[PDB]
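Commentary on secondary and tertiary structure
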Amino acid sequence: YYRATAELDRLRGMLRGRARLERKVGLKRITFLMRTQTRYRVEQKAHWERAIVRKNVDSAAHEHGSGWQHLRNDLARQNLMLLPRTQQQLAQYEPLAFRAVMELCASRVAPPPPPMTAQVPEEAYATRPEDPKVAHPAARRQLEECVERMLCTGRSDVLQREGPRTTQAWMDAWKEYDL
Amino acid sequence: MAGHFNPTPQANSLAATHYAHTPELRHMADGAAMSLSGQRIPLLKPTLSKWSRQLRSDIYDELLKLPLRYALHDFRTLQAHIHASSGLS
Amino acid sequence: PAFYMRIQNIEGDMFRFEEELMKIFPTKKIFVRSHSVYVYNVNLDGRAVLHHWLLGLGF
Amino acid sequence: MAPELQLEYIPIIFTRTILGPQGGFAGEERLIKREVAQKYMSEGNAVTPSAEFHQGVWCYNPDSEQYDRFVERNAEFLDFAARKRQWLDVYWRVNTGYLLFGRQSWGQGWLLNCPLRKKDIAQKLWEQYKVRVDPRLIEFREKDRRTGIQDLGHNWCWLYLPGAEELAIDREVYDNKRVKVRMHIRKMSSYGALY
Amino acid sequence: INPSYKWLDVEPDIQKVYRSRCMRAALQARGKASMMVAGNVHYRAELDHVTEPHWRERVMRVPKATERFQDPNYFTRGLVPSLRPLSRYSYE
Amino acid sequence: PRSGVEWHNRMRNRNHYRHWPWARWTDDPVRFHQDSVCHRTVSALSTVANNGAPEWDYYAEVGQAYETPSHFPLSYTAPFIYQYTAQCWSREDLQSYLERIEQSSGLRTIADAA
Amino acid sequence: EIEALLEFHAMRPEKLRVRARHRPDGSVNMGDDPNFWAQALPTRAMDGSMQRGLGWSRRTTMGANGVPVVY
Amino acid sequence: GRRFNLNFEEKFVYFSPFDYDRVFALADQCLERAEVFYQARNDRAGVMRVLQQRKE
Amino acid sequence: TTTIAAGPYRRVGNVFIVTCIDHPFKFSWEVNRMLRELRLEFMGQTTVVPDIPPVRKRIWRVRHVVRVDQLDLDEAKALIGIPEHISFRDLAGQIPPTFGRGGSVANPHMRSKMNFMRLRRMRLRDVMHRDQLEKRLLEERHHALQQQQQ
Amino acid sequence: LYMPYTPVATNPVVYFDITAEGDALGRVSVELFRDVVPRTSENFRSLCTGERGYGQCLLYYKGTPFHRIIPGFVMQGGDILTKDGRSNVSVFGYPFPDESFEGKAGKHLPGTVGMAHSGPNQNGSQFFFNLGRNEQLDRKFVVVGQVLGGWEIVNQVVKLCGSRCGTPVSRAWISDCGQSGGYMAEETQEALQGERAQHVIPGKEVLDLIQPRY
Amino acid sequence: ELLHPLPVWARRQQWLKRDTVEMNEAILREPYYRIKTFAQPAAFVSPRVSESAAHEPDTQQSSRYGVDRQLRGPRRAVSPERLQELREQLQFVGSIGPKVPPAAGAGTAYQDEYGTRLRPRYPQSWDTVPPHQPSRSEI
Amino acid sequence: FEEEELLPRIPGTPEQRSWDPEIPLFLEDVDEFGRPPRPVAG
RNA sequence: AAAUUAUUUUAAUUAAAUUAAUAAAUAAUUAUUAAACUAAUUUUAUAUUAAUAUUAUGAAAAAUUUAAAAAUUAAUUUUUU
């Protein structure tokens, strides 16, 4: 049985009187006060600590006439997905932005729709008469829906044109490597 | 036991062509083809020992079947076990 | 009654030897060591399979 | 026939009209237990089905208290002793039966936490006794019309057997139109309890 | 007669029942097997009664001591194949 | 009730009930897994005759739901007879045998042939 | 059968007595069953692991007269 | 692996060089294609220096 | 349209999506056995079991533990975007049979010797490869030698 | 309809009892070219007589269905483990490689069985009855035998139960298999005689008509 | 010990329990299948009988309208004959067995071009994750 | 399963159907409660 | 009776019967070491064993059952790194 003494032997320096002087009472104290922290910390600190954050956002939602009883459920309605630890940062350091979330939920704005499961592109229901040089109607369907989305993300140099960029030639950028 | 007497149903006809139900035994059993197949002491094939190097063909297939590089000698030429007087020893 | 074999007198590359036992016993754990080649869970019938092979190889 | 192997129950044509479950009524053929039936053929309430009795039998009326009433068993009576048996078989089956339960009851009031439904009595009728009924007939007591059964121990509730007036069935059952099905709610932990 | 008194039957052929069970349990999977089988546990009460409708009377019948000891002369004259006077009880 | 240690030793394959159902299925004491239909026949043309002999009842012990009322013609017991005699006669062959019976003989119905 | 009557009746009894803790099939014949105190086929403890695991054929098992040996 | 009769596949952890080495796989595949190009051309002196190269 | 629809009638099974709503450690050893045969142990676990008959009992015994949902197969061929023509007995005929935790053999040893040999037939797959290179070079070294003398 | 082949002496002659749609079709007696491919022709022979017992599974063609039938091209079967047709095992325990394409084994002819494979050096249990001259199957899949008896039987299985995609339109399987001659013909019979069977499978009133040992 | 009463909220959230089970066993007595027709729509409304308190009708902001978008929509494979008209076009690329290469126009196979063990150099990234260790799928 | 008709037509396992009285008995050629309402109901 | 010295690990569990001038001995359990894939199903799910090591007689809350019990007794699911 190994009491990790050399891991506690130098840490009695912050205990109080009798514990620092003697060792077999110094360890016994800290190896308990340590043994209860890491038991308090795993199973008990959160469901206390995460109740200060709830008591904060509540009484900060309470200032605007709403409760936590109504805000906690009117957020998940709007698919808004802000963990309570964050709403407590907004309750304090960004009050206006928080009340923006407040005035949003109370509003009768249609919450976003649930995401649509994957759909069947209707070209799967045609049988391409297989010619070597023509693409399958379901590929040039997928591609155009993947290139229009690559031109969608970020201001770049890629055929930089105002608003929507050039596509009908982007799909045929292989011929530019052809001889 | 009393046997099978007080004979069979005691009917007769030209039809008389629908029954077998041999007493189980007279159906590959008391036609004693091979029940000793399970009840006869085996005569074991040649046994490889530390001293007695008796080869066996039954095992040699389980090597002749394998996909082994470094092929094996044919069995007959692997045998130490086959004209003065019909050929000397 | 749980047995293993030991192939003790071999020289060469045991691995090109042991890679020819695997094709025989695709299910017995075979370990290679400097002098020997241990093959596990194979009893005196496996002893008989080897020599019918070590004779076929010509040794 | 042997003294060891005796028929566990025998066929019987009732002459009188016995109330009990093993009982029958005027002229029906019933396989009632041997020990009971044997003290009927001595008692005269029953007679073994000889070919003669299979047409008529001199049943009994409490009016003159003797075996005068001839009850002839034509095919029509045999459609009457069937519906009248099939009826009072549901009676004597739920009235004899004592249908059990296993339920969860956290708390002090000995109160079943998920109280019983009239669905959950017809369910334990069909489960244990195979008595298939309409759970619209089961009337609960006054204590359990509000919250369902709700309490452990012995509860009972009334099952209404409606169609008993053209069978001429009274005084041979305890109540023509009801029967007391007798619950019992044997509380059990999550191991063996449902709901 | 009395479901309290049981026999132990060993029927010698194991294939005779296995090769039916594997059917009886393959048919009733496709819903094509009938439940009125003799081997059904809850049907045996009715099964006997479809075939032998008065079997109660065939075992309940009490035999007069005359017919139970059929005329010993019918045994010497050979009419009755062999008199059995003690086998009197119908074990069915 | 299956209490007791020996039932513990033999449900689990413990000490010497290590192959417990000492006679499980897949052994036949009687016919040793060889079909009892003679192929050694006088004339080779008539070797196919014995095919399709009943080794037991085949029909009563199984208990199929023959939904055929007993007054149907014989040609409507062919789907049952076949399932035990394939490897002997093609299904469409039976409907040549189970019709010549109806045509030639005076029998028509399942009740008649019984 | 006549050949078996002899091959069984010219065996010294000790070849029949119970002779090993593992009956030729592999079970462990403990006491108390007077039937199993008779071990006709002799057991072989160190033999037979190739069968039933490597796909070795049932043709190898059998002896010279055809009857299988057990392992 | 420290176990032998349960969780013992961890003594025979094998990873094929055709997964954990791609420059080797290609090298095995170039020479395989070089085996069939001489198989058609019937360059038996070359198919060897393909094989005797590949095995080494 | 007031008419029993007329056409060649296909039948579509159902596929149950099962979840676990009550903890397993409160229940019996048999109820835990059913949950094990539905690939369900922990609370919140979720599996997609078929509506075949002997599953219907397993789910039935543990109804008080799970929360089922039924899908007709057409309502499954759309939950994952699937062309109507492709059946499922050809989709599965494509995935390998050695998916994660391939088999469920009778005990964690037989499991650990089903994964062992699976890690052997990899070794042999490269070794049957490395000699098949030699056996072809050897059969050529024979022909180069043989035809050498001609 | 006509079917030639290459007749040989002293080879195993192996038969399937093919069943389709609950209509037992007959018996397809294959021959096995042992003289050319002694390692493969054994693997097939062993799986068709139940001789070699448990390896990874019930090494036995009895029951397993023709998971892949293509009209006019092939009639594939086998795949003993996970019978729905995506595995490949040998009686050896690993998928062995093809031996020879030299001659009589690298010619896929319209009446000839070839041991299909996933990768070139991985031969296993899945065969196919060639239905036509496939000059793009030469040099790749090793021919293991040829169909002696009942070509009309297999030429039917492909019609009733075949679709261009390969997956069958109906059910078809191998209700029985065995060995009817060749080397180790009787020597296998002693390996299968006696009370206790080698393998345990549903009674021959099931495999023959209703269900293919799924 | 069981001393003070079960709080009311618990009994109420346990009356929801028996009314969960009373909703499971409503699912576990449905027919094993559903006799359906090819020509008709897939599920035109065709649910189970689950119109006790019907919800989410809005056809968007409804969970199911990723699915019943396609069910109620006209079924393309409108007949068993149309199925083979559609099922005869799909290939199986990786399945075990032989094939007929020239069935396409001019495609030249891949697995017989880079060998069997070599896989295309998939770009490994967060969103795009290709199969790892391909030499373990050979059973 | 639907290919080999293996799916039963009666919904609910044998043990379940004895437990719940709402799955109606699957008698076919008889009435559930014995004799049909021979008497005119009206 | 009191003790029996080396953290960061890497496969699980209880059992409850034959007997005792009343517990060193046996089952059963646990343990160390090792094993082989027999129809039953899903393409589900499965700790089954051998060989040795073994100073043990009594099971919360239930469900009930003996007993003036005034608990003991039977019971059988728990039994936290």
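Residues numbered from 1 in each chain as written, not as in the entry; some residues may be left out. Chains lettered and ligands numbered in written order. Part of a larger assembly, values for the part shown. Heavy atoms only, no water.

Remarks on the packing of aromatic side chains
Short version of the rule: By convention, a stacked pair of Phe, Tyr or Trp rings (six-membered ring in the case of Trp) has centres within 6.5 Å and planes under 30 degrees apart, an edge-to-face pair has planes over 60 apart, and any other such pair is tilted. The rule is simple: take the accessible area with a 1.4 Å probe, protein chains only, and divide by the maximum for that residue type; under 20% is buried, over 50% is exposed, in between is partly exposed. Two conditions define a charge sitting above a ring: the NZ of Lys or the CZ of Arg must be within 6 Å of the ring centre, and it must be within 35 degrees of the ring normal.
In the structure shown here, the tally under the stated rule is 42 aromatic pairs over all chains. An angle of 75° between the planes, with centres 6.0 Å apart, marks the rings of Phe72 of chain F and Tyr76 of chain F as edge-to-face. The exposure class of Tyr76 of chain F is partly exposed, given its relative accessible area of 47%. Geometrically, the ring pair formed by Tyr110 of chain K and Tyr114 of chain K is edge-to-face, given 5.0 Å between the ring centres and 80° between the ring planes. A cation over an aromatic ring shows up here: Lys84 of chain D above the ring of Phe25 of chain D, its NZ or CZ 5.0 Å from the ring centre. Across the ring face of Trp7 of chain F, the terminal group of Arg10 of chain F is positioned such that the distance to the ring centre comes to 4.7 Å.

Brief notes about the nonpolar core
Threshold: The definition of a nonpolar core used throughout is a set of buried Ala, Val, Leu, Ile, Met, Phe, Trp, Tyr and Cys residues joined through side-chain atoms within 4.5 Å. Numbering of helices and strands runs from the N terminus; a helix is a DSSP stretch of H or I covering at least four residues, while a strand is a stretch of E covering at least two. Two residues form a contact once any of their heavy atoms are found within 4.5 Å.
Counting residues in hydrophobic clusters, the biggest one holds 79 residues, and the most contacted among them are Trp53 of chain C together with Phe16, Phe44, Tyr61, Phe127 and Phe129 of chain J. With 5 residues, helix α2 (residues 151–160) of chain J is the single largest residue contributor to this core. Residues within four places of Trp53 of chain C in sequence aside, it is in contact with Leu63, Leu68 and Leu72 of chain B together with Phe17, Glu20, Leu21 and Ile24 of chain C. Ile13, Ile121, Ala122 and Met183 of chain D belong to the second-largest nonpolar core, a separate cluster that totals 41 residues.

Side note on the protein's contact with RNA strand M
Spelled out, the test is: If even one non-hydrogen atom of a residue comes within 4 Å of a molecule or strand, that residue is called near it. We call two N or O atoms a polar contact when they sit within 3.5 Å, provided that within protein one can donate a hydrogen and the other can accept it, with sequence-adjacent residues counted only if both atoms are side-chain atoms. Each residue gets one of three labels, nonpolar for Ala, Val, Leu, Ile, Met, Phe, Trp, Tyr, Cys and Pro, charged for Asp, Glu, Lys and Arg, and polar for the others, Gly among them.
Neighbouring RNA strand M are 57 residues; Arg14 of chain F, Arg3 of chain H, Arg101 and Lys113 of chain I together with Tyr54 of chain J lie closest to it. Counting only atoms of RNA strand M within 4 Å of the protein, the fraction found in sugar and phosphate groups is 57%. The contact in question runs from a base nitrogen of RNA strand M to an N or O atom on the side chain of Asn107 of chain I, over 3.1 Å. For RNA strand M, a sugar or linking oxygen lies 3.3 Å from a polar atom in the backbone of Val200 of chain J. Sorting the residues of the surface near RNA strand M by element identifies β9 (186–187) of chain D, α1 (5–11) of chain F together with α1 (29–37), α2 (53–61) and α3 (108–118) of chain I as the ones contributing at least two each. Here the element with the most residues in the surface near RNA strand M is α3 of chain I; it accounts for 4 residues. Split into classes, the residues belonging to the surface near RNA strand M amount to 22 nonpolar, 15 polar and 20 charged.

Considering α3 of chain I
Taken together, the buried positions of α3 of chain I are occupied by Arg111, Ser112, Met114, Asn115, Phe116, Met117 and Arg118 of chain I. Buried-residue contacts for α3 of chain I involve α4 (120–148) of chain I.

Description of the environment of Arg16 of chain C
Within the element layout of this structure, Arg16 of chain C appears in helix α1 (residues 14–21). Residue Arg16 of chain C is classed as buried on the basis of its relative accessible area, which comes to 13%. Those residues within four positions of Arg16 of chain C in sequence are excluded, and the remaining contacts are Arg69 and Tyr70 of chain B together with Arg130 and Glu134 of chain I.

Overview of the interface of chain I and chain K
Basically, it comes down to this: Buried area is a sum: the accessible area each of two parts loses on coming together, probed at 1.4 Å, counted once for each and added. Any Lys or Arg side-chain nitrogen found within 4 Å of a carboxyl oxygen on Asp or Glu counts as a salt bridge.
On the side of chain K, 40 residues touch chain I, which itself brings 44 residues to the contact. Regarding the contact of chain I and chain K, the summed buried area is about 4100 Å², with carbon and sulfur atoms giving 56% of it. A per-residue breakdown of the area chain I buries against chain K is headed by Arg10, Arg56 and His85 of chain I, which together make up 17% of the total. The interface formed by chain I and chain K contains 6 salt bridges.

Focus on the arrangement of the chains
Comparison of the 31 pairs of chains in contact shows the highest number of contacts for chains I and K. Left apart from each other, chain F and chain I have a closest C-alpha approach of 13 Å.

A short note on the sheet that holds strand β1 (residues 4–6) of chain C
For sheets, the rule is that strands pair by backbone hydrogen bonds, running either parallel or antiparallel. Residues and elements named next belong to chain C. This is how it is decided: By definition, two strands form a pair when at least two bridges between them are found by DSSP. Axes, fitted as lines to C-alpha atoms, cover a helix only where it is in contact. Angles between the N-to-C directions of the axes lie from 0 to 180 degrees.
Spatially, the 3 strands line up as an open sheet ordered β1-β3-β2, and their pairing is antiparallel. The open sheet has two edge strands with one neighbour each: β1 and β2 (30–32). Mean inter-strand twist for the sheet, computed between neighbouring axes without regard to direction, equals 15°. Inspection of the sheet shows β1 paired to strand β3 (residues 37–40) by 3 bridges, in the antiparallel sense. The residue bridging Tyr4 from the neighbouring strand is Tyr40, located in β3.

A closer look at the sheet that holds strand β1 (residues 9–14) of chain D
Residues and elements named next belong to chain D. The 3 strands lie next to each other as β2-β1-β3, forming an open sheet whose pairing is antiparallel. At either margin of the open sheet sits one strand with a lone partner, and together these are β2 (29–33) and β3 (46–47). Where β1 meets β3, 2 bridges bridge the pair, whose relative direction is antiparallel. Considered in β3, the bridge of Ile13 is made with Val47.

Without other data, these values stay purely geometric and don't point to any function.
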